[PDB]
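1. Please work out how this folds:
(chains A, B, C, D, E, F, G, H, I, J and K)
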Amino acid sequence: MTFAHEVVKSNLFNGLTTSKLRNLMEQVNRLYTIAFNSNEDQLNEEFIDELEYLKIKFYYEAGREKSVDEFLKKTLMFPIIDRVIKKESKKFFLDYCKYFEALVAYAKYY
Amino acid sequence: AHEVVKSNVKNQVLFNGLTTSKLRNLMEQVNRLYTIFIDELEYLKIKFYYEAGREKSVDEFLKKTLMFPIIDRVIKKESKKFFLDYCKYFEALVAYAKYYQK
Amino acid sequence: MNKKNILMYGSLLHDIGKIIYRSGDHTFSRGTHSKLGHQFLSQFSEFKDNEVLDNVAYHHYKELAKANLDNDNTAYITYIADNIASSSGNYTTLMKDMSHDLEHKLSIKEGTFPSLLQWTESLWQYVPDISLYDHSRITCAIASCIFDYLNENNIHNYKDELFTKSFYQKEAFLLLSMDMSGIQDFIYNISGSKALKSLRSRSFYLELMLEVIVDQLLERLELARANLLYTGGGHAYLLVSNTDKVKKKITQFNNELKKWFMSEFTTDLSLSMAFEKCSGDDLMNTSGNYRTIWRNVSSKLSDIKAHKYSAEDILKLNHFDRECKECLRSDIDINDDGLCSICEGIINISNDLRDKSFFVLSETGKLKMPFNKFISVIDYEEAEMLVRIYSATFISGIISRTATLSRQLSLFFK
Amino acid sequence: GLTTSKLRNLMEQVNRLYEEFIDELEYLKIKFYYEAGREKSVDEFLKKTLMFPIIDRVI
Amino acid sequence: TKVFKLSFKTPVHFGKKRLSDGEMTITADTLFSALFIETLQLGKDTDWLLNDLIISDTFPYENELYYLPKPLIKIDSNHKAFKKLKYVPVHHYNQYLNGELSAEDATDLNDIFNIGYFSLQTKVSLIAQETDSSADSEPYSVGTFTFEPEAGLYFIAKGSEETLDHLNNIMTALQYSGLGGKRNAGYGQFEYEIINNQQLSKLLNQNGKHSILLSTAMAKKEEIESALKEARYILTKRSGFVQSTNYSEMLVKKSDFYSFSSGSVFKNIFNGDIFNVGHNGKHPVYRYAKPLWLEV
Amino acid sequence: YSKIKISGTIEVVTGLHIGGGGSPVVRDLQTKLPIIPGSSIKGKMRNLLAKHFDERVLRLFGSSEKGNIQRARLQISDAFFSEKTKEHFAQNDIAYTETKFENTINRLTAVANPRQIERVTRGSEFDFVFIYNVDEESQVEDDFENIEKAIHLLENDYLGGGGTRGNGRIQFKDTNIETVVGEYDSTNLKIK
Amino acid sequence: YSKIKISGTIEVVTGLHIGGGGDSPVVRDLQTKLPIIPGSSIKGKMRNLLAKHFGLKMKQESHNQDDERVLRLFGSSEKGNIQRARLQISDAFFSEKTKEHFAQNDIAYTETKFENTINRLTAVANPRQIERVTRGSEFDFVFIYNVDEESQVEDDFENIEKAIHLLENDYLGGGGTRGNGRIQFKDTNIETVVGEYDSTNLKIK
Amino acid sequence: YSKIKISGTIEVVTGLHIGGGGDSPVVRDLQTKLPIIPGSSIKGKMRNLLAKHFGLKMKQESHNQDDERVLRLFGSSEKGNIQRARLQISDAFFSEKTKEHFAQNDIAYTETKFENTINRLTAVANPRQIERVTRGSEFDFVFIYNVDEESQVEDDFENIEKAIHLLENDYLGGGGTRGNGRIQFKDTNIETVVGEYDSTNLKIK
Amino acid sequence: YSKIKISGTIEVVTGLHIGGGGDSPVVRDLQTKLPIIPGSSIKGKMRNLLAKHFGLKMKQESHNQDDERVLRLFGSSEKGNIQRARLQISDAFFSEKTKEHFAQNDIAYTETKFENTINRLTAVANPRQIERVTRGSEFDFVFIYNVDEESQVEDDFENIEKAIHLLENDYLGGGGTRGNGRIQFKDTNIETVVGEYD
RNA sequence: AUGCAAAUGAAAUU
RNA sequence: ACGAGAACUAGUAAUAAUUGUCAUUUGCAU
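-> Residues are numbered from 1 along each chain as shown, chains lettered A, B, ... in the order given. Next comes the structure:
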């Protein structure tokens, strides 16, 4: 599979660097433990609002810098996030965390 | 939140050339109230009327957001949690407004 | 002294002088062992018999050539028997020990020939592949057979009769063999709690039955223990005289034995004896016919065990309390604790086995013996107070040499 | 200068795991790449011992 | 003249003298008495199968090979491997009878003689005062036999057709009762099948000068003297108890009997008889002595 | 005179230990597989039925050592592993026998000694067959009444050694009553 | 001849390590791969505890000779005065109800407590990994009682009651004073499965 | 023969971090996913405390060989002696009241606190993230006492309250030198669960 | 064996930024929603200042082996020798009078400071934000000194006086170089709680 | 706003 | 009318006993 590798090795992303994802990473990591703490798979509406604000921050960060914008567009982050919000299943969120983490770890490797 | 901003993109102009610099004072207003009183909300409304009088584009932005009824209902509820929810909403509006710009 | 006893005592010491000759320190007549042995044996009161001295001094061709003996004089027989049979200080020590045993342990009587055989066996067992002990015994056995054969055949002028090859060719020897039937089932019919004690006593009981049988047989035939060649397990072999009297008496003893054995168990143990003629020429490995005659007597013994019981015997067998716990047999009549009289005697003899060594054959005893006798247990002091005391390789090989091989095997396993 | 102490998480994950399982293996390789990136000795150990190809082979 | 084939599938104990003893083949005394007891259990009419049935001893079989007990003949040659041999396969039967068997062939035949294994099973007895109070148990050992999945025993019987049909009825009834030692203890059940082997029948239907006794026989009073003119035979003391005669089993015991074995050779045939060994009994107890001969 | 054949299968609820070998367990010497010898069945059945109360036992099982002779009217043979349990274990890759390590605790010293004991793997099935030879027409019902209780009693007991310590419970399934010789009907007797 | 059946369920309070297997595992069946509670452990723990309840003298300590009544319930029959057992203590098995519950809610059946074994001076802190059956698991158990004497049943039951009680304030398994292996009893059931003796007047807390 | 129970509540003054399961987790159960305090570390710490309070020699420190009365209180049974401990210590579990309080006030149970380490002559910081229980939390604990001798209770109990005191001005858990692990005890209760002994004059501070 | 408590108050004079929660927040207790000063911070600052005050070799810096006086006073147990810390440092909290005085006077606990940046050759102003702890507030702390040798107690207490002096003369937390961290000590208290040794 | 995402150790005696 | 016949490889007792996931390392340079 290594879908993360495909984009990272292809591009870096017109000057992409790891610290340019810190808060984004931070935000994701926050939701991670938050997603860990929940028992049921059904996502609470407060967690939905967390997802929505994460989408908002994604867009703001993409507008702030062009290289991060190219990364998010080229890694399809926005449609993936939208689908995740639509499905409202925790396991798919954990898989998304794993995919994004693979992206981050790869991008740190190169 | 996203819907109002993306659907108000007219031919491109956003609320006829709305810019975040004009929201500065309004932004600051919310920011202070974010750290934190009914009279404070009344003065927030007064500043909303002030900034909508400053520019017609901002007045349209506030009307097309139904901001005034929202603020009235927030004041009626007197609940700080609903105040925080409105803060989230206004932040979303500001962000999407930033996103859809020249 | 009965001339048979003279024959015995002379033959058993016929070639003694060798032990003096190789002694070196006792070589009075360093010309020949015969004269030397005669001189040494001429020192003793008990063995002061003269004809025995003549026998000893006159066992060889040169010696007999000029002795001018009578036509009827036993030593000549010894001659043929000898012919048929076929550090230094240690020897001096043996001379001292033999003088001691001869002055203090040996005496001349009708039944003292076994004493001579026992002491000579004690002494010469490794005095030469042939020990002197085996040589003396075989010479004596052969002389016994020869003397019985010639006296029975009304022949007395032996010097003219023998002093040869034709006599060698005459079938004057008989091979008789005995076979015990039911070793295995009689030894392995134990089920009680005294397994070891019963087992060890039954084994010795069967062994002593065999030994008492052979002793009674040899005694009745007036024959000696020299003629016994091997006993053990159930197989046992005797070389006896090829005479009509001998065959008849063998028959009669066989009949009486069978009558008893039918009287005791009726299946569990039975004895089969078989006899076949041979001549002296066959014992000398002349053409290896010795193995042939042995295999023949083996075949005969194998083929007499087929038809064992005649018509009347079985007819009675069919027309005539419960099983002993220790002895798996019902026919014998049980008593207290469900134990039979004979098997209870077995328990008694087992209890007496460990602490006592001598066993005495008498009229009352404890255990039942073949010829209306019994066996009891005594001690050496008690024994003195009473004063019988009991204390391919086979065939192919490479009489004396196979006999000594059997004796070696027996002594190793015993 | 490799130390077993720098392998702990990886070993732990192995002990944890010793179609969802395929995703677990993918996460294994993700953390493997991350550890190799973190330390140079771990990177050499993984690369020269053919860890990545055998990991892919199992998957 | 049909023959029956038996498979056991259960351990079975045969017994010779003691419970720890095991036998593989039994004699027509045990078999015929089994036939008698099952006939009486059936409530049938016994005269027909008593003085009209001819039965031989049982012999073991393998996958496809059949065996007979050794003939006690005088062969003139080792004298050892033949002694170490107990049974003869049907294939070389006449070869042995004409001496066409060699030492190596006999060695091979002995090698293929693996037809089952013997065992001793231990047991205890707690019917004793262990029921009542402190008392040590009373262990015993028993012997059992286990056959390989393609082994068993087979008979030979001959007679009139009505007798033989009655024999088949008795065989069906007996197939579910036992045929051994401790039957009621869990040993000795079997299933039968009737097979006509051409070679065995051919062997049965020869003609010669000698005779080989395949059952347990004993000549009557007036002919034995003519029976034993030239013979090689073996005696076997047959003893044992009886079933359903008098009050005490320990008190009741068949008188000792002596009989010829199943390897004997005769010149003059004798017809045998069923001899009573009964005394102080409410019914006679019959022992079987009626010979089934092999004439070659 | 007829013969009733009574067959079925029996399950191992808890591990079982017959183990005449010990501490090993009884088997067959070539198939290397466990058996449960019929003598053991008989002994337990005799013990329970006798402890239930005699004439019914002696008739049923046979003594003939007490001055009178009765022939055993019931024959019990061994049992064996079914094919169903065999394939079930083979496909699922489960060993046939379990090995339990035990321990013994000394007092005033508090030192521990080890033990090593084999047991049957739970859940297995055995196929069994009994034969009843009807010699008396008007009694078999009572006799079968007895045999009913027999299994019932054994249902709530154990087989083998160490039973009180918690092993040996067995179960009975698939019981059918058939007549195969004679002309006596077998459709009204029942065994659970 | 009556036989009495007791049925009920044992609930793990805190981690349990019976562990006859030796990674310091617990005993498991080879058919289901689930936790089990061996009967010999339950029986002997109750036996030892009830023996040490009353008098247990040094001479009594020497030979495992104990009180006549606990000897009555658990059977001794070792030397001389034979006493055949009276209680057949059957096992507990990992219940299926909790199997469904955990499977739905995605809980493993076993936790691995990682601990330390530090010393003094050298203070070698050896890391440890003890496997335990996670709390909330339930097992089903059955006991069997034989009535050797009718009039003695009540006291017999009385005695085993104390045993139940004492065990409820104690532990099974190892590491006992360190916290492991406290249990509770729940949902009992008593029934005279065979015979004609009424089991209504019985109760087991 | 009796069992004396000691019940109470652990109030965590500052942070507590056991972390046996390990960014850097704490030890937590699986049925409820709420933090717990095991008996094991509690026992080890109190034992070393009471050992240092009494004698402790280098040869004594070599192989965990300690003073005799501490041995009686905690059991060794190694040097050919029969010494089973008289004190059974439980794990400590997240209480109902505290979880309710943090539910009704919206406070997470866990904080992830970030630390830095500064390398010498480099001035480059290495960051760390440690998971610790938020303050004000309370656990429950229960202690079990065995009376092996009637003339040996109070003195050991005296030691135990001394031991408690030594804990109250020390730390239970990891990294206490840097200011986490301070605890306190509240609401001590002393009852004899089984037996005929009085627990009225017996107290632990 | 004994235990002597050390109790006292630290007063903040400048800004105080510890920012463990790090637009740049301050650590806060979730039971009170108020900032704190980690015990780790006090101990680490003290250890660094005393190590600099004593011998600080480059090789010793490379090997992180601390001076024997510091190593005994705060514990290392890192060179394979058993070395338990003789001193315990805890967190610190607001005083009651501090909170009362601030609540009565309508004065907030945090100050927002805008940090204006000018870039060389470019002069681009991008404002930054930072929070600071209000000066004039006081915290209460607790240290614990455990007695293992009855003789060197005075030496350790004198070294602790040197500790208090140096920490008063230096900065605590973040923003030290630009003027945040200057704190003082008041109302030091010594009162043994366990033992007979005072 | 800009660097920081870990570091180090460690089954025993019946 | 079979070396037959009656015959639980039983009954007592468990992985027990001691061991601390701890020891140091500043949310901080611009």
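2. Alpha carbons only: can I get stretch A:72-80 in CSV?
-> The C-alpha coordinates for stretch A:72-80 follow below in CSV (Å, rounded to 0.1, in the frame of the first residue of the first chain):
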residue,chain,number,x,y,z
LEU,A,72,-3.0,19.2,1.5
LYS,A,73,-4.5,19.4,-2.0
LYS,A,74,-2.1,16.8,-3.4
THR,A,75,-2.7,14.5,-0.4
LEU,A,76,-6.5,14.9,-0.7
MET,A,77,-6.7,15.9,2.9
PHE,A,78,-9.9,17.9,2.6
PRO,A,79,-12.1,15.2,0.8
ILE,A,80,-10.8,12.6,3.2
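3. Indicate the residue of the stretch 1-150 of chain E located nearest to RNA strand J.
-> residue E:136 (34.1 Å; C-beta to the nearest atom of the strand). Backbone N, C-alpha and C define where each C-beta goes, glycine included.
4. now swap in chain F and tell me
-> Counting by C-beta to the nearest atom of the strand, chain F gets nearest RNA strand J through residue F:111, at 5.4 Å.
5. thinking again about what came up before, what number of residues lie near the residue of the stretch 1-150 of chain E closest to RNA strand J?
-> Applying other C-beta atoms under 10 Å in any protein chain shown, we find 9 residues neighbouring residue E:136.
6. what do you get for residue E:163?
-> 16.
7. was I right about residue E:183 contacting residue F:75?
-> Yes - in this structure residue E:183 lies within contact range of residue F:75 using C-beta atoms under 8 Å: 7.1 Å.
8. on that earlier part again, residues touching the residue of chain F closest to RNA strand J, list them.
-> Applying C-beta atoms under 8 Å, 6 or more residues apart in numbering or on different chains, we find residue F:111 in contact with no residue.
9. quick check, residue D:13 in a helix?
-> Yes - looking at residue D:13 with DSSP: H, G, I helix; E, B strand; the rest coil, it is inside a helix.
10. can you tell me how far it sits from residue D:40?
-> 21 Å (C-beta to C-beta, to the nearest Å).
11. who has more neighbours, the two?
-> Per other C-beta under 10 Å, whichever of residue D:13 and residue D:40 has more neighbours is residue D:13, with 16 against 11.
12. who touches the more buried one in this structure?
-> For residue D:13, the contacting residues are D:28, D:31, by C-beta under 8 Å, 6+ apart.
13. How many neighbouring residues does whichever residue of chain E sits closest to chain D have?
-> Across chain E, the shortest distance to chain D (C-beta to the nearest C-beta) belongs to residue E:149, at 44.5 Å. Counted with other C-beta under 10 Å, residues neighbouring residue E:149 total 10.
14. wait, is it part of a helix?
-> No - counting by three-state DSSP, residue E:149 is not part of a helix but coil.
15. My guess is residue E:73 contacts residue E:99. True?
-> No - with contact taken as C-beta under 8 Å, residue E:73 and residue E:99 are classed as non-touching, separated by 9.2 Å.
16. which residues are contacting stretch E:62-72?
-> Everything outside stretch E:62-72 that qualifies as a contact, by C-beta under 8 Å, 6+ apart, is C:306, E:25, E:57, E:59-61, E:85-91, E:93, E:96-97, E:112, E:115, E:148, E:150-151, E:154, E:197, E:200, E:212, E:214, E:232-234, E:262-265, E:294.
17. For the lengthiest helix in chain D, list every residue counted as buried.
-> Criterion DSSP state H: the longest helix present in chain D is helix D:20-38. Under the neighbour-count criterion of 16 or more other C-beta atoms under 10 Å in any protein chain shown, helix D:20-38 has D:25, D:26, D:27, D:28, D:29, D:30, D:31, D:32, D:33, D:34, D:35, D:36 buried.
18. Following the chain onward from it, which element is next?
-> helix D:40-48 (DSSP states H and E).
19. Same question for that next one: list its buried residues.
-> Neighbour count says helix D:40-48 has D:42, D:43, D:45, D:46 buried, by 16+ other C-beta under 10 Å.
20. which ones are touching the third one?
-> For residue D:45, the contacting residues are D:2, D:51, by C-beta under 8 Å, 6+ apart.
21. Now do the SS call for the most centrally placed residue in chain A.
-> Closest to where the C-alpha atoms of chain A average out (C-alpha atoms, centre = their mean) is residue A:100, at 5.0 Å. Three-state call for residue A:100 (three-state DSSP): helix.
22. Next: the one 3 residues further on.
-> Classification of residue A:103 using three-state DSSP returns helix.
23. From chain I, how far out is the closest residue to residue C:303 other than its chain neighbours?
-> Closest residue to residue C:303 apart from its sequence neighbours, by C-beta to C-beta, 6 or more residues apart in numbering or on different chains: residue E:74 at 7.1 Å. According to C-beta to the nearest C-beta, to the nearest Å, residue E:74 and chain I sit 97 Å apart.
24. how many neighbours does residue E:74 have?
-> Residue E:74 has 10 nearby residues by other C-beta under 10 Å.
25. okay but it is in contact with residue E:210, surely?
-> No - between residue E:74 and residue E:210 there is no contact, the gap being 10.8 Å when judged by C-beta under 8 Å.
26. tell me which parts of chain A are close to chain B?
-> Those residues of chain A that sit near chain B, judged by C-beta under 8 Å from any C-beta of the partner chain, are A:49, A:52, A:53, A:56, A:57, A:59, A:60, A:63.
27. check contacts around residue C:155.
-> Here residue C:155 is in contact with residue C:161 (criterion: C-beta under 8 Å, 6+ apart).
28. Distance check, it against residue C:172.
-> From residue C:155 across to residue C:172, the span is 11 Å (C-beta to C-beta).
29. Residue C:377 now?
-> Where residue C:172 is concerned, residue C:377 sits at a distance of 42 Å (C-beta to C-beta).
30. got it, and residue C:150?
-> Separation of residue C:150 from residue C:172 (C-beta to C-beta): 8 Å.
31. Residue D:30 too?
-> 112 Å.
32. What residue in chain F comes nearest to chain C?
-> For chain F, C-beta to the nearest C-beta, closest residue to chain C: residue F:65, 13.6 Å.
33. Point me to the helix or strand that includes that residue.
-> Residue F:65 belongs to no helix or strand, assigned by DSSP H and E.
34. isn't it right up against residue E:249?
-> Yes - contact criterion C-beta under 8 Å: residue F:65 and residue E:249 qualify, at 7.2 Å.
35. Tell me how many other residues crowd residue F:134.
-> Other residues close to residue F:134 by other C-beta under 10 Å number 17.
36. now residue E:251
-> Neighbour count for residue E:251, taken as other C-beta under 10 Å: 13.
37. Check residue E:162 too.
-> If you count neighbours by other C-beta under 10 Å, residue E:162 ends up with 11.
38. just residue F:60 next, same as before
-> 20.
39. Where does chain A get nearest to chain F, which residue?
-> residue A:91 (30.0 Å).
40. residues contacting that residue?
-> residue A:41.
41. ok, 10 Å please
-> The contact partners of residue A:91, by C-beta atoms under 10 Å, 6 or more residues apart in numbering or on different chains, come to A:35, A:41, D:20, D:23.
42. Ok, residue F:36 next?
-> For residue F:36, the contacting residues are F:10, F:12, F:16, F:18, F:25-26, F:78-80, F:120, F:126, F:128, F:159-160, F:170, by C-beta under 10 Å, 6+ apart.
43. Now name the helix or strand holding it.
-> Using DSSP H and E, no helix or strand contains residue F:36.
44. I figured residue F:169 hits residue F:17, correct?
-> No - between residue F:169 and residue F:17 there is no contact under C-beta atoms under 10 Å: 11.9 Å.
45. shared neighbours of those two, which are they?
-> Residues touching both residue F:169 and residue F:17 (C-beta under 10 Å, 6+ apart): F:158, F:159, F:163.
46. between these, which is nearest residue E:20?
-> Ranked by distance to residue E:20 (C-beta to C-beta), those are led by residue F:159 at 25.5 Å.
47. The closest one: what's its closest spatial neighbour, skipping adjacent residues?
-> residue F:168 is the one closest to residue F:159 (C-beta to C-beta, 6+ apart), at 4.8 Å.
48. Then residue C:341?
-> Leaving out its chain neighbours, the residue that sits closest to residue C:341 by C-beta to C-beta, 6+ apart is residue C:335, at 6.3 Å.
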